[PDB]
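The chain below stands alone and is given in structure tokens; this is the form deposited in one PDB entry.
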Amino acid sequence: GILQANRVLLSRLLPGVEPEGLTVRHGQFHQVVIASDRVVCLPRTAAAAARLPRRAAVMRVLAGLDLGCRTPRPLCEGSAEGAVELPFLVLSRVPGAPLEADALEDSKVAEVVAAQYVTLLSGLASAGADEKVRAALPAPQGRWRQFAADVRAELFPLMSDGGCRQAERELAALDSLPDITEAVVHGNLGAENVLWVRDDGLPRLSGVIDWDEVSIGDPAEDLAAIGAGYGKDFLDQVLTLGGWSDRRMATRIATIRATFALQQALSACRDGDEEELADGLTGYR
């Protein structure tokens, strides 16, 4: 596996650590080796290695934002940002665990967890109005049109005729979405990437991980993720508390939310994660 094939480099970065004790998260461009206090991004290709200098820069910009929580801090030297290519990138590991929706059935838990999502999203939103953040992050145009193309090209071949018809319904509204580039947008803000410390009392937001898809874009993408994971009522509490419950925002969220499983399937398809592809394609084959 990746751990085996990269034992020598890992023995340097994590000296004395048994590499069989590590785990790996699959990414589009890099494989991520998870240690106790840090993670190591390993480029899967020469292209992937040439993107790490900019990823270093991006993670440094994120580590400077006021989000009310932690992010993976780059553990390289600043001069790694000026390199053509890096063979690895080490990041601090955000502690904590994902939150089961079950907890949100107690309504004080729900209020306190919604309030902390709002601080995060509000911080991401204001960072997106900042010209220096804007300059350091990607901001693709026409992403919804192109995403629809990418689904049709990469996922439809894996779908039943019924699945394809359902996907077409969901991809329908995408061409009419306004193309909003106003917030820092995590882009994969499912519950597994938002980590909590729940030992001492009510759930407290430790931090956020997996920023591979980060951009300047539409805040509705991140709220859609939340809604996809936690359902209507919890989403409505976040929108109320954040001041985002208007009809325009809510309609964009509904449109994006209906594509969210397809987003997960498209990512799993490009990063080789078989289980995540099977999950994402639930009901489309």
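In this text, residue numbers run from 1 along the sequence as written. For clarity, a rigid core is taken as the largest C-alpha set superposing within 1.5 Å between two forms.
Keep in mind that the form deposited in another entry is not shown, yet the notes after this line are about it.
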Choose, among 103, 191, 112, 149, the residue with a C-alpha displacement of 2 Å or more between the shown form and the other one when the rigid core is used for superposition. 149
Using a rigid core superposition, assess whether residue 139 undergoes a CA shift of 2 Å or more between the shown form and the other one. no
Once the two forms are fit on the core, has residue 123 moved its CA by at least 2 Å between the shown form and the other one? no
Aligning on the rigid core, do we see the C-alpha of residue 158 shift 2 angstroms or more between the shown form and the other one? yes
